[PDB]
């Protein structure tokens, strides 16, 4: 033949993308959002299945030559039981029937919707969970607290809010002593609008005979009390020991208002 002028290529100098290793990347990949491309480095064909198993909520895409690849989130598969009963975990790892917050090899990532509480997608789980002895004071108050002003008033989230209010109306009419309904009434009072006031009064006014005498003596005085109250020009609530004692979450709106009307001297 003839003597070809041979040239060797300049030394390969990798980049961060080329040096990436998906095995080290669970903390990078779990917080990724919808439509966000998480680049993960070269991936061998015999690993693609492993990586798709580990991250079933993500699509595995081939971005460039030599197996260069990325994960694109497609969905959130977290379950109400694992997402709704906590405001702090955003995902969990499932292995061998067990659920763990921390990553272990062999585990499958499941991810909670980032706005799950803000959407009302937890309302059917927590309406149940919060009732009974499964009640977690901190979680269930937070759940009820946060239902007000949902999705910054997006229409889906505003309906969520309404529907839940009706469901809680029907429940707490039956027995407002049950700690979810006490918190519900407590939080209606904080909202302090026409609709929350008439929801409180509607609920309190449907309580049973025994409830009213155990809890609402301030709102339903004995005739002996009422006719004593006429003598003084102060409203009854300002002196009546039944109202200084009483539990404010069970006062009617009128009575709760009136308690504010009692002039104290500064000091």
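Numbering follows the first chain given and starts at 1.
Legend entry - Comparing 149-157 with 120-128, the one whose average Cα B-factor in the PDB entry is higher: Comparing averages over the C-alpha atoms only gives 149-157.
Look up the CA B-factors in the entry and say which stretch, 225-233 or 30-38, has the higher mean.
Comparing averages over the C-alpha atoms only gives 225-233.
Exercise. What third of its chain, lowest, middle or highest, does the C-alpha temperature factor of residue 255 fall into?
Worked result: For residue 255, whose C-alpha B-factor we compare with every modelled residue in the chain, the answer is the middle third.
| task | Using the B-factor values recorded in the entry, state whether the Cα atom of residue 53 falls in the lowest, middle or highest third among the modelled residues of its chain. | result | Its C-alpha B-factor, which the entry lists for residue 53, ranks in the lowest third among residues of this chain.
Compared with the other modelled residues in the chain, in which third is the CA B-factor of residue 20? For residue 20, the deposited C-alpha B-factor lands in the highest third.
Relative C-alpha B-factor of residue 175, binned into the chain's lowest, middle or highest third: It falls in the middle third of the chain.
Sort the modelled residues of this chain by their C-alpha B factor and say whether residue 248 lands in the lowest, middle or highest third. Its C-alpha B-factor, which the entry lists for residue 248, ranks in the lowest third among residues of this chain.
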